[PDB]
Amino acid sequence: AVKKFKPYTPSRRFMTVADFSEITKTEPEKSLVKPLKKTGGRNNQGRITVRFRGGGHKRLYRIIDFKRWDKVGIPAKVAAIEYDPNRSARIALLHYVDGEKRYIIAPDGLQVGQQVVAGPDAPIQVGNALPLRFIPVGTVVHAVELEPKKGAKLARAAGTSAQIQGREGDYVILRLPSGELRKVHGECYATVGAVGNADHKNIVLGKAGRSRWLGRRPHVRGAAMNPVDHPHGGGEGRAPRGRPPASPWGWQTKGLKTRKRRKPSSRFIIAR
Amino acid sequence: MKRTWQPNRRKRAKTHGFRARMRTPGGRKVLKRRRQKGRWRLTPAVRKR
RNA sequence: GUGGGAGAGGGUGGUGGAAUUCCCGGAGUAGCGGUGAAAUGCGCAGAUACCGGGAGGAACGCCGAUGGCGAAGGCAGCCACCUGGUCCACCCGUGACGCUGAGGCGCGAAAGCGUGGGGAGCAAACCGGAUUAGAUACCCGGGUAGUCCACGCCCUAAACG
RNA sequence: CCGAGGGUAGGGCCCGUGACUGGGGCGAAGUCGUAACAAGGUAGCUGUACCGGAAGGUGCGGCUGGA
RNA sequence: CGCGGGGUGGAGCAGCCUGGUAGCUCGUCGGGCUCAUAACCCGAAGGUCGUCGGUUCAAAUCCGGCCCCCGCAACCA
RNA sequence: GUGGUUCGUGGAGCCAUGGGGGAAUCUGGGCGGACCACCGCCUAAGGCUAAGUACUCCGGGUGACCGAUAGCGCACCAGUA
RNA sequence: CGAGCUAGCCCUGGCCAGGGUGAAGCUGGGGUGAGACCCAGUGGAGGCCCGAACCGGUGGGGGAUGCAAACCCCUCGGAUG
RNA sequence: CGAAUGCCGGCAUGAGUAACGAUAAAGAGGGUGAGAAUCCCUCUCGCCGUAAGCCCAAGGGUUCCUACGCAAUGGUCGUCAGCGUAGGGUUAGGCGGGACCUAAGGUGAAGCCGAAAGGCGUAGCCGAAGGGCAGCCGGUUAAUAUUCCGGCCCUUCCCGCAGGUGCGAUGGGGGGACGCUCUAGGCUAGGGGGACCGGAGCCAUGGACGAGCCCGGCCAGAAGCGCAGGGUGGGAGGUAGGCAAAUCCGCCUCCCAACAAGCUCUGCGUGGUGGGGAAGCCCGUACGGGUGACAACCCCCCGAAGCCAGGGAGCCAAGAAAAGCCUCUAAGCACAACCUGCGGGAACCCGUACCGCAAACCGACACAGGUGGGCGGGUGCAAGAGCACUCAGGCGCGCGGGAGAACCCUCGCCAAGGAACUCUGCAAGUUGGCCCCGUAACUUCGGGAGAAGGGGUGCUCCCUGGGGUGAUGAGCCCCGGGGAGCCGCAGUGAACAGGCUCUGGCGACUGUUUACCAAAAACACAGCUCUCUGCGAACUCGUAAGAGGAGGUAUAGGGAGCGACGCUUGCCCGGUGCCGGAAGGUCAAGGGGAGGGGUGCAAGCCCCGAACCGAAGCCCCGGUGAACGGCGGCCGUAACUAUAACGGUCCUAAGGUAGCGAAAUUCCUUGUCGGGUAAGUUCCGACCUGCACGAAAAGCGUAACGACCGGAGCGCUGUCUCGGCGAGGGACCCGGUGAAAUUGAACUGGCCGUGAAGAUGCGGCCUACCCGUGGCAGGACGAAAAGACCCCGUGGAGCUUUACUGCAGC
RNA sequence: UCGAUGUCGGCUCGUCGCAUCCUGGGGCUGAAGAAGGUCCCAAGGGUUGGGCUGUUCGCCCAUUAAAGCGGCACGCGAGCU
Ligand SMILES: [Mg+2]
Ligand SMILES: [Mg+2]
Ligand SMILES: [Mg+2]
Ligand SMILES: [Mg+2]
Ligand SMILES: [Mg+2]
Ligand SMILES: [Mg+2]
Ligand SMILES: [Mg+2]
Ligand SMILES: [Mg+2]
Ligand SMILES: [Mg+2]
Ligand SMILES: [Mg+2]
Ligand SMILES: [Mg+2]
Ligand SMILES: [Mg+2]
Ligand SMILES: [Mg+2]
Ligand SMILES: [Mg+2]
Ligand SMILES: [Mg+2]
Ligand SMILES: [Mg+2]
Ligand SMILES: [Mg+2]
Ligand SMILES: [Mg+2]
Ligand SMILES: [Mg+2]
Ligand SMILES: [Mg+2]
Ligand SMILES: [Mg+2]
Ligand SMILES: [Mg+2]
Ligand SMILES: [Mg+2]
Ligand SMILES: [Mg+2]
Ligand SMILES: [Mg+2]
Ligand SMILES: [Mg+2]
Ligand SMILES: [Mg+2]
Ligand SMILES: [Mg+2]
Ligand SMILES: [Mg+2]
Ligand SMILES: [Mg+2]
Ligand SMILES: [Mg+2]
Ligand SMILES: [Mg+2]
Ligand SMILES: [Mg+2]
Ligand SMILES: [Mg+2]
Ligand SMILES: [Mg+2]
Ligand SMILES: [Mg+2]
Ligand SMILES: [Mg+2]
Ligand SMILES: [Mg+2]
Ligand SMILES: [Mg+2]
Ligand SMILES: [Mg+2]
Ligand SMILES: [Mg+2]
Ligand SMILES: [Mg+2]
Ligand SMILES: [Mg+2]
Ligand SMILES: [Mg+2]
Ligand SMILES: [Mg+2]
Ligand SMILES: [Mg+2]
Ligand SMILES: [Mg+2]
Ligand SMILES: [Mg+2]
Ligand SMILES: [Mg+2]
Ligand SMILES: [Mg+2]
Ligand SMILES: [Mg+2]
Ligand SMILES: [Mg+2]
Ligand SMILES: [Mg+2]
Ligand SMILES: [Mg+2]
Ligand SMILES: [Mg+2]
Ligand SMILES: [Mg+2]
Ligand SMILES: [Mg+2]
Ligand SMILES: [Mg+2]
Ligand SMILES: [Mg+2]
Ligand SMILES: [Mg+2]
Ligand SMILES: [Mg+2]
Ligand SMILES: [Mg+2]
Ligand SMILES: [Mg+2]
Ligand SMILES: [Mg+2]
Ligand SMILES: [Mg+2]
Ligand SMILES: [Mg+2]
Ligand SMILES: [Mg+2]
Ligand SMILES: [Mg+2]
Ligand SMILES: [Mg+2]
Ligand SMILES: [Mg+2]
Ligand SMILES: [Mg+2]
Ligand SMILES: [Mg+2]
Ligand SMILES: [Mg+2]
Ligand SMILES: [Mg+2]
Ligand SMILES: [Mg+2]
Ligand SMILES: [Mg+2]
Ligand SMILES: [Mg+2]
Ligand SMILES: [Mg+2]
Ligand SMILES: [Mg+2]
Ligand SMILES: [Mg+2]
Ligand SMILES: [Mg+2]
Ligand SMILES: [Mg+2]
Ligand SMILES: [Mg+2]
Ligand SMILES: [Mg+2]
Ligand SMILES: [Mg+2]
Ligand SMILES: [Mg+2]
Ligand SMILES: [Mg+2]
Ligand SMILES: [Mg+2]
Ligand SMILES: [Mg+2]
Ligand SMILES: [Mg+2]
Ligand SMILES: [Mg+2]
Ligand SMILES: [Mg+2]
Ligand SMILES: [Mg+2]
Ligand SMILES: [Mg+2]
Ligand SMILES: [Mg+2]
Ligand SMILES: [Mg+2]
Ligand SMILES: [Mg+2]
Ligand SMILES: [Mg+2]
Ligand SMILES: [Mg+2]
Ligand SMILES: [Mg+2]
Ligand SMILES: [Mg+2]
Ligand SMILES: [Mg+2]
Ligand SMILES: [Mg+2]
Ligand SMILES: [Mg+2]
Ligand SMILES: [Mg+2]
Ligand SMILES: [Mg+2]
Ligand SMILES: [Mg+2]
Ligand SMILES: [Mg+2]
Ligand SMILES: [Mg+2]
Ligand SMILES: [Mg+2]
Ligand SMILES: [Mg+2]
Ligand SMILES: [Mg+2]
Ligand SMILES: [Mg+2]
Ligand SMILES: [Mg+2]
Ligand SMILES: [Mg+2]
Ligand SMILES: [Mg+2]
Ligand SMILES: [Mg+2]
Ligand SMILES: [Mg+2]
Ligand SMILES: [Mg+2]
Ligand SMILES: [Mg+2]
Ligand SMILES: [Mg+2]
Ligand SMILES: [Mg+2]
Ligand SMILES: [Mg+2]
Ligand SMILES: [Mg+2]
Ligand SMILES: [Mg+2]
Ligand SMILES: [Mg+2]
Ligand SMILES: [Mg+2]
Ligand SMILES: [Mg+2]
């Protein structure tokens, strides 16, 4: 989708909005299973650690289910599909037959009315979740766990997905939304299908405000400020850095790798 | 234009208050000295009810 | 109409080996590549040559033919689904409802453009090596848009019988 | 009231004109290379796209006006 | 005015700083191949080294004086 | 690796130690300025211990000390206005 | 010791007269094979428009031991973000 | 002590000078009084009036009220006061705060961390203009009142009786409970009219004894009705989730509704009864009191932004929590308890005065400044919180009187010209609101656009079509059209109310910034691109524990540059940086001991110490520029001259492409040619010889936007020729109060000399009676600041880097 | 003169020198006349309006009897911009 606009105001011409057709007549969220008071704040205890944040629409947290072995075997019916301000993926709310309700990040396909479930059993269909081993090599899938019982963590962004590649001992090779081939443990669930609402990468914010709404204040270039507060700074009419591009704190930012070398997680990785 | 003193009872006891100064090691010393110097008033005289 | 027939005609989805390139494991050295001849180039940090495993993309050998189909462009591994045209027999039905077609309207290789994906081989531009008086070329080694896909544009051709 | 004509103002069309610039034509015997015609010494021609002092080159696809 | 760089056969460049020995590409001349010109092949010629001085036995080469040439600085007021 | 000592790595011991190795019970251990030999001195890794020394919010004495611009910031309702 | 000025941010409350302009989406009619699309009427968008409060502080002028250690008059910018 | 721009204190000078804090404005009579422009009174006048009037909040803390008072405080006066002395004055179960709750944030048992002091921290507490929660209207005081009193109306507790029910939790669930903008229906507040009703009155000056002028025609109100609207389905089986249990909730499943039909709950009428009550006239106030009055206390019309409120429609950025309240159960208990009536008793603490856009708060001051929320009437102007006048209510701004010079400020007008003014139309003018005609290039199809340029605009009569409320009608009120005619110089007759265009530069655009000299072409910005980060992420803070990132997960997050959009972004990896290289070469600790030394008679004990093995870094090998950067010189050549498509040669890592170019970059320079002018160092279009453009420190464009900057034309003008008058506030004069910086001391003249080279002061001559007031600024190297540039001092700070040396971090 | 002497231009107000731009007088002329050249005497008065530039300055435009050079802290900021 992606709503468009006629130019009746510069900016609201290039501006592009999402299409909330996929939003089952829902909107008002569900008390109980979410929401919780969401403590918004751009800095830690005192100081500001991440810069340029703050401001932007008030938000309510939708406490989603990111570990599904909670209900192994208990099937549930997908009730609605709603908007979640805390993420890029739309989310689906679903009523188990157990009578319990919980939200799930909604996969592309999954339609309201559908029945979905989790566990070793589970049929390989959009929405169902199973330990990685039991999933057919090659099938795509989202909401992966990295270590058994620790909760989903990979491919959860709007319309992202990972594809299974092979098996190898108690591990199974994956291919993350980034292109890295990772070795994940067999016992990590991963609900099947891709995340959906993949038009998300196409929304043209539009104006200055639009960014402000999502809570992101203006970002000033180092080049603009002085030597006192950033490498690229001073002296006359602009300047060409004058040294290898660096961050406010001073480490190179055009090429310098960061992953800490001797990490134990190294051996389970294979790509880029 | 607007100036720098905008009186506020709450802020004043809340900041230069007595329990305020007792709470920290530096403030307790603030008291010591003032006590040791004589000062009729150890801390500002906030008021009302 | 009834009943049959051929076909790479169109769309969508799914799928099979062959080979190429990269990757790792093996084992093996002293050269491989390349041309008219050579050099660039690749290689004792282990190349080329062989075995095994893996990834991925594109094109689909033999069948293939001077063949079939399509209105033109064009269309080829294999499977299913949805679909158009089309020839035959039976002479059953309507009963002149026909031809053409300014304009409009859709279609329309390749290259090009847009936003997103993909990217193996090839490959403008470009980089070296030869060749020449000089080569911005023909040859050689590299190599990016592109070629591939989705939606959207563009409307050209020796769109040629 | 209307009203020739006059006046204010903005458009349409058409002709002359202008530093300078893009191409085109013509101008017996100036410069540079040789692309085409013989297989033209790289078959050519092409729509197109990039590049080159210039003819041009090369990329993708088509054609016989060639093998 | 000041700083440093440079004048070499016809053209463009080496040659010095560690003084004795001028080298390269082109061009020019004679000869070949071609019907002829170019290419290509065979041979040959050409340099008071910007000038006036001395330094040494000996100066393109070391050192001062001028003749042009090129580049850099001419700031605070 | 360092601190302490006069000791700034110096021939740098002794006394404290963060790190790592890691003993012995008198024929056992330390020290006497690298080290070794004699010759000597001491007995580490538990603790307590008066008096002699410091100071002066406070009390009394004395001043070749001040005398209200001095002497404490204040002689006086000052850490006050 | 200070964020009772000022800068950001967090929590929770308020404020924005009155006018213009009229997006999408609807409904209707046109159109077609079904469309795209076109008309109306409707609707009421927007870091839109005019301009008070409210927030600024553009040009000039006065003030310059001032009314004022930044002020006054005229004039001007934003004014549902 | 004579000087230190010395310290402290006192007193001079300027000086009776400048001032007396908004140009809203005063006059007179009468009082009082020792003494009035300045106090009381009254009469007249002027100012505000979406306030300069009321009402809350903060803050202030006696300022409130009374009497008695002027020495000081008042910018003069003062009998007055916000001042001095003293006495009084602030009434609450219902308004606000607490014995209710929770947000950020604080705190903090547990837990963790830290040389110490301390840092962190789920549970619990605290934290308020948020949620919850029971009061309306009048009367009284010199001063308080939703507090006192009157009428009416509510709330919890406790103890009784009288009934009902399994009652019962800090535990389960429900609810409370939420954005923006646009909105409906009906109400209320509030406002207009009235021939009707109620009133003391009044014919003024030529007319009017009249549906005449004037004044007012309400307010609260329990139950119960009535009119609006808000909420919510009822049964019944089945259950494995709501961390125990539930009959409640959730989820299947059948019934009946699908409606508000029924319960509720709000507000809004009406309601027993209760209270108000104008002008004007009489009074005595500092003010209110009495008559009016047995007051009347009714019909329409406008109507909210407020109420019904958890109303609805849309949209995207997707919009607190906890308690009260309802229900469900556990222990316990079921002679308890809790529910509904009904009585009777109990209801604490603190705030209440007054100021509160201001003389009581913030600004040293009775300071033209600043300060959150609510009410803010009428008329006309298209509308309004705009504007002009005026309600109620509050004011005339705590120095006056005259004068009527210069000059200043603020304002008005002007002959002829109209930009000649000037750095520049700077300023001032013109133009302005509304309705209707009519509008270009360009363009991203919206815009440009209020383009431009034009007409209409008052009042009277006639005729006529729509709405609303009433009933399909009167009235009442809102909108339309036509037709005649009237008067002015002029009809948005006063106030509020764009000058317009053409063409460059820059940045897309709304936005932001140097609080107190810079609002821009600067920052920001959507958008692009590079690059890091697989999650106990990267990165940032912190010694840590921690925390942000993020309760996110590659369509996400950190860093960097460019900056909408269009068309594009060419070459060099030689140096630097980053990336990729299980080879090497070097390389520290440590491994290793060939071998040498010191002592011992010795066994021993003590030092050195070579091969060799030893990382990361570096060297070396590759790659990468939307990484740091860079992107040539000299000669020759065309059948006119000229010039070079062609060539040679030297050096590069490669040798600037497109596109732009005398530019926001052009030194020479006003390059040269065209355009604009009578004339054009600027501007505009060209040319290219680019001192010294050029492709993400982006190149060249661009509709639109702009308090940006340049050029130009129209229009209009006191900008100017070139001034002139007038106005008001000062200046001037008298009375009252009365500063300041400065100052070696002063009996302080010109010329020409002279001197440390710029003389009132030394020289000669010249002039020159003593002392003032208004003026002008040439001088006193006038005042103000131990010069802010310059240099010096082995002075200091901020910044940079392949300067030296450390340090954190890796 | 650095315990401060404000600095280019414009403007307003002027004053002075004369090595005179005009007009007054004159000698010589290669001065027929007219209009010129050139010198000598003479400052008494006059010595314009625009275009461009911050400009001094110059360059032009339309005139003029002429469109003089200089000094006065590149006169003049307790007078202005
Ligand atoms: Mg909730
Ligand atoms: Mg803290
Ligand atoms: Mg930025
Ligand atoms: Mg800066
Ligand atoms: Mg820096
Ligand atoms: Mg038949
Ligand atoms: Mg017939
Ligand atoms: Mg046909
Ligand atoms: Mg096509
Ligand atoms: Mg194609
Ligand atoms: Mg994109
Ligand atoms: Mg290739
Ligand atoms: Mg050749
Ligand atoms: Mg090739
Ligand atoms: Mg053909
Ligand atoms: Mg023309
Ligand atoms: Mg031409
Ligand atoms: Mg030729
Ligand atoms: Mg040829
Ligand atoms: Mg060819
Ligand atoms: Mg081609
Ligand atoms: Mg030491
Ligand atoms: Mg020892
Ligand atoms: Mg000893
Ligand atoms: Mg010894
Ligand atoms: Mg001893
Ligand atoms: Mg002791
Ligand atoms: Mg004393
Ligand atoms: Mg004395
Ligand atoms: Mg519409
Ligand atoms: Mg609107
Ligand atoms: Mg707006
Ligand atoms: Mg300003
Ligand atoms: Mg506005
Ligand atoms: Mg002395
Ligand atoms: Mg003194
Ligand atoms: Mg005086
Ligand atoms: Mg005077
Ligand atoms: Mg005076
Ligand atoms: Mg006054
Ligand atoms: Mg008296
Ligand atoms: Mg008035
Ligand atoms: Mg008092
Ligand atoms: Mg009083
Ligand atoms: Mg009195
Ligand atoms: Mg007085
Ligand atoms: Mg005063
Ligand atoms: Mg008093
Ligand atoms: Mg109590
Ligand atoms: Mg509490
Ligand atoms: Mg609490
Ligand atoms: Mg704490
Ligand atoms: Mg509260
Ligand atoms: Mg209450
Ligand atoms: Mg009162
Ligand atoms: Mg119960
Ligand atoms: Mg409960
Ligand atoms: Mg609850
Ligand atoms: Mg009469
Ligand atoms: Mg009532
Ligand atoms: Mg349970
Ligand atoms: Mg009465
Ligand atoms: Mg609602
Ligand atoms: Mg609680
Ligand atoms: Mg009170
Ligand atoms: Mg009160
Ligand atoms: Mg107010
Ligand atoms: Mg006053
Ligand atoms: Mg005031
Ligand atoms: Mg205000
Ligand atoms: Mg109102
Ligand atoms: Mg109006
Ligand atoms: Mg007003
Ligand atoms: Mg005039
Ligand atoms: Mg006139
Ligand atoms: Mg005119
Ligand atoms: Mg002019
Ligand atoms: Mg002038
Ligand atoms: Mg101008
Ligand atoms: Mg102006
Ligand atoms: Mg302009
Ligand atoms: Mg801008
Ligand atoms: Mg400023
Ligand atoms: Mg500001
Ligand atoms: Mg601005
Ligand atoms: Mg974390
Ligand atoms: Mg912190
Ligand atoms: Mg978080
Ligand atoms: Mg990123
Ligand atoms: Mg930039
Ligand atoms: Mg920029
Ligand atoms: Mg580039
Ligand atoms: Mg490199
Ligand atoms: Mg490079
Ligand atoms: Mg390299
Ligand atoms: Mg490396
Ligand atoms: Mg190494
Ligand atoms: Mg140029
Ligand atoms: Mg001209
Ligand atoms: Mg010109
Ligand atoms: Mg330049
Ligand atoms: Mg540039
Ligand atoms: Mg660049
Ligand atoms: Mg730019
Ligand atoms: Mg702006
Ligand atoms: Mg004037
Ligand atoms: Mg006057
Ligand atoms: Mg006087
Ligand atoms: Mg005298
Ligand atoms: Mg003198
Ligand atoms: Mg004397
Ligand atoms: Mg004298
Ligand atoms: Mg003077
Ligand atoms: Mg001075
Ligand atoms: Mg000094
Ligand atoms: Mg300087
Ligand atoms: Mg030094
Ligand atoms: Mg001096
Ligand atoms: Mg000086
Ligand atoms: Mg002085
Ligand atoms: Mg003569
Ligand atoms: Mg003379
Ligand atoms: Mg002009
Ligand atoms: Mg003069
Ligand atoms: Mg001079
Ligand atoms: Mg000068
Ligand atoms: Mg001067
Ligand atoms: Mg002076």
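Residues numbered from 1 in each chain as written, not as in the entry; some residues may be left out. Chains lettered and ligands numbered in written order. Part of a larger assembly, values for the part shown. Heavy atoms only, no water.

Structure determination for the deposited model, as stated in its record, used X-ray crystallography, and the stated resolution is 3.92000059074 Å.

Chain B appears in the PDB entry as 50S ribosomal protein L34 from Thermus thermophilus. In the PDB, the title recorded for this entry is "Crystal Structure of Frameshift Suppressor tRNA SufA6 Bound to Codon CCC-U in the Absence of Paromomycin". You can read under Subunit in the UniProt record for chain B the words "Part of the 50S ribosomal subunit." Within the UniProt record for chain B, the comment given under Sequence similarities is "Belongs to the bacterial ribosomal protein bL34 family." (UniProt positions renumbered as here; feature names shortened; annotations may be inferred.)

As recorded in the PDB entry, chain A goes by 50S ribosomal protein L2 and comes from Thermus thermophilus. Per UniProt, chain A carries the Subunit text "Part of the 50S ribosomal subunit. Forms a bridge to the 30S subunit in the 70S ribosome, contacting the 16S rRNA. May also make transient contacts with protein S6 during translation in the 70S ribosome." Within the UniProt record for chain A, the comment given under Sequence similarities is "Belongs to the universal ribosomal protein uL2 family."

Residue and element names in this part refer to chain A. One open sheet accounts for four strands, arranged β7-β10-β11-β12; its pairing is antiparallel. Strands with a single pairing partner mark the edges of an open sheet, and in this sheet they are β7 (140-141) and β12 (181-185). Of the strand pairs in this sheet, strand β11 (residues 171-175) and β12 are connected by five bridges, and their pairing is antiparallel. In the sheet register, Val 172 faces β12, and the bridge partner there is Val 184. (Pairing = 2+ DSSP bridges. Helix = DSSP H or I, 4+ residues; strand = E, 2+ residues; numbered from the N terminus.)

For RNA strand H, the set of nearby residues contains 118 residues, the closest of which are A:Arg62, A:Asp98, A:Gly99, A:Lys153 and A:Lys254. In the interface set of RNA strand H, defined as its atoms within 4 Å of the protein, sugar plus phosphate atoms amount to 78%. A distance of 3.2 Å is found between a base nitrogen of RNA strand H and a side-chain nitrogen or oxygen belonging to A:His57. A distance of 2.7 Å separates a sugar or linking oxygen of RNA strand H from a polar atom in the side chain of A:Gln252. Of all the secondary structure elements, the ones that give two or more residues to the surface near RNA strand H are β1 (36-37), β2 (60-61), β9 (152-154) and α1 (208-213) of chain A together with α1 (9-16) and α3 (25-37) of chain B. For the surface near RNA strand H, the element with the highest residue contribution is α1(A), accounting for four residues. Residue composition of the surface near RNA strand H, grouped by class: 46 nonpolar, 28 polar and 44 charged. (Near = heavy atom within 4 Å. Polar contact = N/O pair within 3.5 Å; in protein donor to acceptor, adjacent residues only side chain to side chain. Nonpolar A, V, L, I, M, F, W, Y, C, P; charged D, E, K, R; others polar.)

All names here are of chain A. Inspection of the entire model under this criterion finds four aromatic pairs over all chains. Between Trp 69 and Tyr 189, the ring centres sit 6.3 Å apart and the planes meet at 40 degrees, which makes this aromatic pair tilted. One end of the pair, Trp 69, is in the loop between β2 and β3 (76-82); the other, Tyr 189, is in the loop between β12 and α1, with 120 residues separating them in the sequence. In this pair, the class of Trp 69 matches that of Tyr 189, namely buried. (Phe/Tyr/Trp six-rings, centres within 6.5 Å; stacked < 30°, edge-to-face > 60°. Buried < 20%, exposed > 50% of the residue type's maximum accessible area, 1.4 Å probe, protein only.)

Here the focus is the nonpolar core. Across soluble globular proteins, nonpolar side chains show a tendency to be buried alongside one another. Residues and elements named next belong to chain A. Among the nonpolar cores identified, the biggest contains 17 residues, and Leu 132, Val 144, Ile 164, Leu 174, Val 184 and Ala 190 are the most heavily contacted of them. Elements with a minimum of two residues in this core: β10 (162-164) and β11. Ignoring any residue separated from it by four or fewer positions in sequence, one finds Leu 174 in contact with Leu 132, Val 144, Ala 162, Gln 163, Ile 164, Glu 180, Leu 181, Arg 182 and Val 184. By size, the runner-up hydrophobic cluster in this structure holds 12 residues, among which are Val 33, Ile 64, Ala 80 and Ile 91. (Core = buried A, V, L, I, M, F, W, Y, C linked by side-chain atoms within 4.5 Å. Contact = heavy atoms within 4.5 Å.)

Residues and elements named next belong to chain A. With respect to topology, four strands assemble into an open sheet ordered β5-β4-β3-β6, the strand pairing being antiparallel. The open sheet is flanked by β5 (101-105) and β6 (115-116), the only strands paired with a single partner. Note: β3 against strand β4 (residues 91-96), six bridges, orientation antiparallel. Residue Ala 76 lies in a different strand from β4, and its bridge partner there is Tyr 96.

A word on α3(B). Between the first and last C-alpha of α3(B) there are 19 Å, a value that for 13 residues agrees with the 18 Å anticipated at 1.5 Å per step. One or two residues past the end of α3(B) sits B:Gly38, with phi positive at roughly 120 degrees. (Expected span 1.5 Å × (residues − 1).)

Once that is clear, we can look at the protein's contact with RNA strand F. All names here are of chain B. Taken together, the neighbourhood of RNA strand F is formed by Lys 37, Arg 39, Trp 40 and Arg 41. Each atom of RNA strand F within 4 Å of the protein belongs either to a base or to sugar and phosphate, the latter forming 72%. Between a phosphate oxygen of RNA strand F and a side-chain N or O atom of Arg 39, the distance comes to 3.1 Å. Within the contact set of RNA strand F, a phosphate oxygen lies 2.9 Å away from a side-chain nitrogen or oxygen of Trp 40. Tallied by class, residues from the surface near RNA strand F come to one nonpolar, no polar and three charged.

Regular strands place their side chains on alternate faces of the sheet. Residues and elements named next belong to chain A. Burial analysis of β4 places five of its six residues in the buried class, the great majority of the element. Both β4 and β5 contribute to a ladder of five bridges, which runs antiparallel. In the strand pairing of β5, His 95 is matched with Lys 101. The antiparallel hairpin formed by β4 and β5 contains four residues in its connecting segment, where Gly 99 sits at a positive phi of about 95 degrees.

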